[PDB]
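In the block that follows, a single chain appears as structure tokens, in the form deposited without this ligand.
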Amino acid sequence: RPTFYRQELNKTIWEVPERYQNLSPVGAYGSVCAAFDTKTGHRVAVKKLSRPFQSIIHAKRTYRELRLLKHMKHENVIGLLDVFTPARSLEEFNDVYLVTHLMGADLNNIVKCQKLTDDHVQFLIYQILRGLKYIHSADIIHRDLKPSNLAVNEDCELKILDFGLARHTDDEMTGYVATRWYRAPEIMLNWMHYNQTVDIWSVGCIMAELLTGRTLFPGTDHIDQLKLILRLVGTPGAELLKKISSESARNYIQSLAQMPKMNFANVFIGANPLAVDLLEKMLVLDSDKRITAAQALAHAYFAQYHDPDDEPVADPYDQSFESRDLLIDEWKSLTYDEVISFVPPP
């Protein structure tokens, strides 16, 4: 067990191992500090969870986040560098700290500020799809892909972060907000049980924005956004209507006048024809018919970068805990076991 030291920073007590030095606050579910890790030479983010075990819902969310971060081991996905608690036993266990690489710029900064060549778009979207092939192979759905959840460094290398770990609130998704502009219509409107195909819809929205410099579907509310979507991809046919489970949602769709799919070459003027082709295969209304991550990596748009011997899949991921009903102290004990069994990366 390492030696810990205490200090108060912006009204919060931080108790951390001596290896972490020069803590500096940098910003819902916890507080974050930047620090220098003297054992590895890494510049890191240290997150202290806020009230991790205050309710059954919150204790299960703490366990879910720690299990997910411990599993992710891929070049294009955020990984876990360390996890610690100052507690010396389960009986005094109350605080959880998570350590990751400190991230600088996100894709928001790049799209708004830089001039991107087609080669930049190829490399950035290739890396998102490479990470998604890995994530989806473990039957994990990210659910919240958007530019602020994609970190990028000076060499245009990219990492996926901030997995969807709790339900977003109704208020967070209301109005003219980027939190909703990248969501697939079937989850935005609760049409049906969703699956991993929702993440490919988000990649299409991000790729369009890199090519034009503008948000693809900037709706002022749920219904305005749906109208923008259906004007581009067309209104649904009877085949997809069969798959919408809410009678009321089906009724609303049929109240709209029918519209054909638009010509994407006349929307994304001057783009690489291979980029136009890939966008038509991602932005498909019926989720059963969208291209998958593994299929998209083999598309000719990525011929410069595709290497099927360097696109790995994940170890199996057991999510059976998600249907388990436990007491707070039982979720807490499961979390404690995962903290003390952590083994750092090479």
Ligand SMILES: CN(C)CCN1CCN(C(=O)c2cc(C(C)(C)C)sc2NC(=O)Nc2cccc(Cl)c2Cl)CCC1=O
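Here the rigid core means the biggest group of C-alpha atoms that line up within 1.5 Å when the two forms are laid on top of each other. The first residue of the sequence shown is number 1, and the count goes up from there.
Beyond what is shown, the protein has a form solved in complex with this ligand; the following relates to that form.
Peer 1: Counting 3 or more ligand atoms within 2.4 Å of any backbone or C-beta atom as blocked, would this ligand, superposed onto this chain from where it sits in the bound PDB entry, find the site open or blocked?
Peer 2: The site is blocked here, because this ligand, transferred from its pose in the bound PDB entry, has 3 or more atoms within 2.4 Å of backbone or C-beta atoms.
Peer 1: Taking heavy atoms and a 4.5 Å cut-off, does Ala296 contact this ligand in the bound PDB entry?
Peer 2: Result no; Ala296 lies far from this ligand in the bound PDB entry.
Peer 1: With a cut-off of 4.5 Å between heavy atoms, is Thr100 one of the residues that contacts this ligand in the bound PDB entry?
Peer 2: Although this ligand is absent here, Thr100 would touch it in the bound PDB entry, with heavy atoms inside 4.5 Å.
Peer 1: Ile141: heavy atom within 4.5 Å of this ligand in the bound PDB entry?
Peer 2: Output for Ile141 is yes: heavy atoms within 4.5 Å of this ligand.
Peer 1: Considering non-hydrogen atoms and a 4.5 Å limit, does this ligand approach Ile135 in the bound PDB entry?
Peer 2: Because a heavy atom of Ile135 falls inside 4.5 Å of this ligand in the bound PDB entry, the answer is yes.
Peer 1: Pull the contact list for 72-87: residues with a heavy atom within 4.5 Å of this ligand in the bound PDB entry, in sequence order.
Peer 2: Residues within 4.5 Å: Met72, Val77, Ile78.
Peer 1: Please name the one residue from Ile244, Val233, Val152, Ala208 with a C-alpha displacement of 2 Å or more between this form and the one not shown, using the rigid core for the superposition.
Peer 2: It is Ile244; the other listed residues stay below 2 Å.
Peer 1: Can we say the CA of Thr12 moves by at least 2 Å between this form and the one not shown when the core is superposed?
Peer 2: Yes, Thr12 moves 2 Å or more.
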